[PDB]
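K.L.:
Take a look at this one; I'll ask things after.
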Amino acid sequence: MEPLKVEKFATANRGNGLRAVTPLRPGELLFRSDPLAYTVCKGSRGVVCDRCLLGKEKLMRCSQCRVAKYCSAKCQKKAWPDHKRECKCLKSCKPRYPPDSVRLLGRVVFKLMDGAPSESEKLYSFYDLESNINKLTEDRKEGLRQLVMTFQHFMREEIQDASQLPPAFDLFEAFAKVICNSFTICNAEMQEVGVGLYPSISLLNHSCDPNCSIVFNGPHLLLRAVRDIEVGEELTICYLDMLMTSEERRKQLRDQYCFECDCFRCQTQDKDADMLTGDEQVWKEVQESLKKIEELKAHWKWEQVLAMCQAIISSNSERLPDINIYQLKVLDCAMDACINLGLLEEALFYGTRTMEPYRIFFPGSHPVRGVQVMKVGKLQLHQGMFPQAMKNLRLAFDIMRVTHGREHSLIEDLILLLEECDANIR
Ligand SMILES: Nc1ncnc2c1ncn2[C@@H]1O[C@H](CSCC[C@H](N)C(=O)O)[C@@H](O)[C@H]1O
Ligand SMILES: [Zn+2]
Ligand SMILES: [Zn+2]
Ligand SMILES: [Zn+2]
């Protein structure tokens, strides 16, 4: 159980890209990699584990830095190679914490010296990672320049000048890689909990209608095909969240990756209309309130989320339909708030209402829908609604074994329920 399945090559115009070498079936795993470097992002920090990135109500805090919090003593140990150095820095920053991108790039710079190679850099190393120096706007260069003066500052302790780092390695150029080659680490419940750098995965170009999706069983990362992919076909993923219009997607892809998405979709404006059904006036105020809420989600702060959600869904009932992406986003948030708070009746109220949009927005098999759908069925089973629960849990499996695969332990939970939902229609 080893044979290779992808490879790099030269695109007509868009740089370096992956391709199948033999035909692929949907649900097939193609690549698998640990991070070259990864870190629990500022919000999740103090809430999740500093290694395995898992949420265990209580956490043991850092010996000498008292910032980094651990799952166990074993998690705390194999974390040394990485935490060894950074402990000192964070220690005397207190409380000011380094913006993720830095604390990451701090960790990376030593994992370059590691000597014996990494799997993460098997097909594409760090120094190959496209940075887009040319044709990068000012206020962005002026943006990255800042981070450098912040990095050097934050690091001081272990790094006083560029002579302590390998040559050809350049800091400003390195943030330019990490602005546009980072990876959002999503946990079980499809929550963002960290940022990684997977320099073989970064060989994947962008379609808003991808054929590959990636899922995070902790910091470990899986790339699978979601459809039938023929020899010589360039493999692609969507770097963005699926709840954005072509116009929102255009703006963000210029601001980060410097390009035009020339997918069949970004030209015809797929789903675009359906996304903003309702009067612009109505939801403007919702896409505004979405900038607050989304913050407090990442900071695992549910109680205020549930205030700002209830009030606003209670408000726009008479006028704004669920299928409106920004309305919907509050609905997912609404659901997510209720789950972590244990209001599982309310939880199901909100979750079931989102079910249908999701179907029209996330095509064939998307792991976001998967988990969402799972949370629904799982919410239903609990409520004792066995028939339609078996319906959704089944659906979840039809999505998830192609999105997550057998190698994901989440699947385990899924089947258990299906055999336990069997037990309640006894
Ligand atoms: N759909 C698309 N259209 C045009 N350029 C794209 C694209 N997807 C990715 N890119 C380019 O590739 C970068 C993402 S990294 C993905 C692989 C890239 N060829 C590389 O050398 O690493 C972006 O910053 C952008 O320069
Ligand atoms: Zn420490
Ligand atoms: Zn841990
Ligand atoms: Zn596009």
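Quick note on naming: the chains in the structure tokens go A, B, ... in the order shown, residues restart at 1 in each chain, and ligands are numbered from 1 in order of appearance.
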Could you list the protein, DNA and RNA residues that have any atom within 6 Å of ligand 2, counting only C-alpha atoms and all ligand atoms, and write them as a list in words?

P.N.:
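Written in the requested form, the residues are residues 62, 63, 64, 65, 66 and 87 of chain A.
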
K.L.:
If we count only C-alpha atoms and set the cut-off at 10 Å, which residues sit around stretch 20-34 of chain A, ignoring sequence neighbours fewer than 2 positions away in its own chain? Please answer as a ChimeraX atom specification.

P.N.:
/A:3-8,18,36-38,118-122,196-201,211-214,218-235,365,399-407

K.L.:
Can you list every residue in stretch 8-74 of chain A that DSSP puts in strand (DSSP E), as a ChimeraX atom specification?

P.N.:
/A:8-10,16-18,29-33,37-40,60-61,69-70

K.L.:
DSSP on the backbone: which residues in stretch 72-305 of chain A end up as helix (DSSP H, G or I)? Give the answer as number ranges by chain.

P.N.:
A: 73-77, 80-91, 100-108, 141-158, 162-164, 171-179, 201-203, 246-254, 264-268, 272-275, 280-298, 302-305

K.L.:
So which one's closest to residue A:262, A:102, A:178, A:71, A:208? Using only C-alpha atoms, please.

P.N.:
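Ranked by minimum distance to residue A:262, first place goes to A:208.
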
K.L.:
How would you report the residues lying within 9 Å of ligand 4, as a PyMOL selection string, if you count only C-alpha atoms and all ligand atoms?

P.N.:
chain A and resi 206-209+246+249-250+260-267+269

K.L.:
Keeping only N, CA, C and O atoms, write those residues as a compact mmCIF listing (two decimals), in the first residue's frame.

P.N.:
# COMPACT_ATOMS: atom_id res chain seq x y z
N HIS A 206 -6.30 26.66 -8.33
CA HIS A 206 -7.66 26.99 -7.91
C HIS A 206 -8.76 26.89 -8.97
O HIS A 206 -8.67 27.48 -10.05
N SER A 207 -9.78 26.12 -8.63
CA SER A 207 -11.10 26.22 -9.24
C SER A 207 -12.12 26.46 -8.12
O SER A 207 -12.00 25.87 -7.04
N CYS A 208 -13.12 27.31 -8.37
CA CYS A 208 -14.22 27.47 -7.39
C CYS A 208 -15.17 26.27 -7.51
O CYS A 208 -15.99 26.02 -6.61
N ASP A 209 -15.04 25.53 -8.62
CA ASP A 209 -15.63 24.20 -8.78
C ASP A 209 -14.53 23.13 -8.84
O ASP A 209 -14.19 22.63 -9.91
N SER A 246 -19.13 35.41 -7.02
CA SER A 246 -17.99 35.63 -7.91
C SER A 246 -17.33 36.99 -7.64
O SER A 246 -16.11 37.11 -7.71
N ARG A 249 -15.44 36.70 -4.45
CA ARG A 249 -14.36 35.76 -4.73
C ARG A 249 -13.29 36.43 -5.57
O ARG A 249 -12.10 36.16 -5.39
N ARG A 250 -13.71 37.29 -6.49
CA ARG A 250 -12.77 38.04 -7.33
C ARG A 250 -11.91 38.96 -6.49
O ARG A 250 -10.68 38.92 -6.59
N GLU A 260 -7.14 36.05 -11.87
CA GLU A 260 -8.54 35.90 -12.25
C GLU A 260 -8.90 34.41 -12.37
O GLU A 260 -8.28 33.67 -13.13
N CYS A 261 -9.88 33.99 -11.58
CA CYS A 261 -10.43 32.66 -11.64
C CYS A 261 -11.18 32.55 -12.95
O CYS A 261 -12.22 33.18 -13.14
N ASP A 262 -10.64 31.77 -13.88
CA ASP A 262 -11.28 31.61 -15.18
C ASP A 262 -12.05 30.30 -15.26
O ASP A 262 -12.17 29.71 -16.33
N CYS A 263 -12.57 29.86 -14.11
CA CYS A 263 -13.44 28.69 -14.07
C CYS A 263 -14.72 28.97 -14.84
O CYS A 263 -15.18 30.12 -14.92
N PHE A 264 -15.27 27.92 -15.44
CA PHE A 264 -16.59 27.97 -16.05
C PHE A 264 -17.54 28.80 -15.17
O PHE A 264 -18.29 29.63 -15.68
N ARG A 265 -17.45 28.61 -13.85
CA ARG A 265 -18.31 29.28 -12.87
C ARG A 265 -18.11 30.78 -12.64
O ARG A 265 -19.08 31.54 -12.58
N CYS A 266 -16.86 31.22 -12.46
CA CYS A 266 -16.60 32.64 -12.15
C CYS A 266 -16.91 33.56 -13.33
O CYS A 266 -16.97 34.78 -13.18
N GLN A 267 -17.13 32.97 -14.51
CA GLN A 267 -17.48 33.74 -15.71
C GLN A 267 -18.98 33.82 -15.96
O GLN A 267 -19.48 34.83 -16.47
N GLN A 269 -21.13 33.49 -13.48
CA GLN A 269 -21.70 33.83 -12.18
C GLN A 269 -22.69 32.77 -11.71
O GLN A 269 -23.89 33.04 -11.61

K.L.:
Hey, which residues sit close to ligand 3? Say within 8 Å, counting only C-alpha atoms and all ligand atoms, and write them as a PyMOL selection string.

P.N.:
chain A and resi 49-54+70-72+74-76

K.L.:
Give the answer as one residue: which of A:188, A:393, A:307, A:258 has the shortest atom-to-atom distance to ligand 1, using only C-alpha atoms and all ligand atoms?

P.N.:
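Checking each of A:188, A:393, A:307, A:258 against ligand 1, counting only C-alpha atoms and all ligand atoms, the winner is A:258.
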
K.L.:
Which residues form the shell of 6 Å around ligand 1 when you count only C-alpha atoms and all ligand atoms, given as JSON, numbers by chain?

P.N.:
{"A": [14, 15, 16, 17, 129, 130, 180, 202, 203, 204, 205, 206, 207, 257, 258, 259, 260, 261]}

K.L.:
Output C-alpha atoms for every residue in that selection, as a PDB file, in the first residue's frame.

P.N.:
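Output saved as again07.pdb:
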ATOM      1  CA  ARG A  14      -0.502  29.674 -14.216  1.00  0.00           C
ATOM      2  CA  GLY A  15       2.728  28.213 -12.804  1.00  0.00           C
ATOM      3  CA  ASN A  16       3.247  24.772 -11.268  1.00  0.00           C
ATOM      4  CA  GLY A  17       0.420  22.218 -11.243  1.00  0.00           C
ATOM      5  CA  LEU A 129       6.748  27.978  -3.182  1.00  0.00           C
ATOM      6  CA  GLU A 130       5.566  30.836  -5.444  1.00  0.00           C
ATOM      7  CA  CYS A 180      -0.346  32.941  -0.335  1.00  0.00           C
ATOM      8  CA  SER A 202       0.516  24.022  -2.434  1.00  0.00           C
ATOM      9  CA  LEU A 203       1.125  22.520  -5.896  1.00  0.00           C
ATOM     10  CA  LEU A 204      -2.670  22.677  -6.305  1.00  0.00           C
ATOM     11  CA  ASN A 205      -4.247  25.362  -8.448  1.00  0.00           C
ATOM     12  CA  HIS A 206      -7.663  26.992  -7.905  1.00  0.00           C
ATOM     13  CA  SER A 207     -11.101  26.216  -9.240  1.00  0.00           C
ATOM     14  CA  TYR A 257      -3.152  35.181  -4.792  1.00  0.00           C
ATOM     15  CA  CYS A 258      -3.009  37.777  -7.647  1.00  0.00           C
ATOM     16  CA  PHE A 259      -5.217  36.387 -10.443  1.00  0.00           C
ATOM     17  CA  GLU A 260      -8.544  35.900 -12.254  1.00  0.00           C
ATOM     18  CA  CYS A 261     -10.434  32.655 -11.641  1.00  0.00           C
TER      19      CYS A 261
END

K.L.:
Residues of stretch 283-335 of chain A that approach stretch 366-390 of chain A to 12 Å or less, counting only C-alpha atoms: could you list each one with the shortest pair of atoms and its distance in Å to one decimal, rows by chain and increasing residue number, as a Markdown table?

P.N.:
| residue | atom | partner | partner_atom | distance |
| --- | --- | --- | --- | --- |
| A:331 | CA | A:372 | CA | 11.7 |
| A:332 | CA | A:372 | CA | 8.6 |
| A:333 | CA | A:372 | CA | 11.5 |
| A:335 | CA | A:375 | CA | 9.3 |

K.L.:
Any idea what the distance is between atom CA of residue A:280 and atom CA of residue A:326?

P.N.:
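Value for the atom CA of residue A:280-atom CA of residue A:326 distance: 11.1 Å.
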
K.L.:
Extract, using only C-alpha atoms, all DNA, RNA and protein residues at most 10 Å from residue A:171, discarding same-chain residues fewer than 3 positions from it, and format them as number ranges by chain.

P.N.:
A: 105, 109, 144-145, 147-148, 151-152, 162, 165, 168, 174-177

K.L.:
I'd like the contact shell of residue A:43 - 9 Å cut-off, only C-alpha atoms, skipping same-chain residues fewer than 5 positions apart - returned as a PDB file with C-alpha atoms, in the first residue's frame.

P.N.:
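Result saved to out.pdb:
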ATOM      1  CA  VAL A 193      -8.260  26.184  14.689  1.00  0.00           C
ATOM      2  CA  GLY A 194      -4.869  26.728  13.089  1.00  0.00           C
ATOM      3  CA  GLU A 295     -14.768  37.219  15.016  1.00  0.00           C
ATOM      4  CA  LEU A 296     -16.383  35.937  18.238  1.00  0.00           C
ATOM      5  CA  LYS A 297     -16.743  32.467  16.665  1.00  0.00           C
ATOM      6  CA  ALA A 298     -12.960  32.182  16.161  1.00  0.00           C
ATOM      7  CA  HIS A 299     -12.508  33.330  19.772  1.00  0.00           C
ATOM      8  CA  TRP A 300     -14.777  30.453  20.876  1.00  0.00           C
TER       9      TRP A 300
END

K.L.:
To one decimal place, how far is atom CA of residue A:341 from atom CA of residue A:289 in Å?

P.N.:
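A separation of 21.1 Å between them.
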
K.L.:
From the list A:113, A:159, A:240, A:328, which residue is nearest residue A:357 when using only C-alpha atoms?

P.N.:
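So, comparing all the options, the nearest one is A:328.
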
K.L.:
Between atom CA of residue A:9 and atom CA of residue A:128, what is the distance in Å, rounded to a tenth?

P.N.:
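We find that atom CA of residue A:9 and atom CA of residue A:128 lie 12.8 Å from each other.
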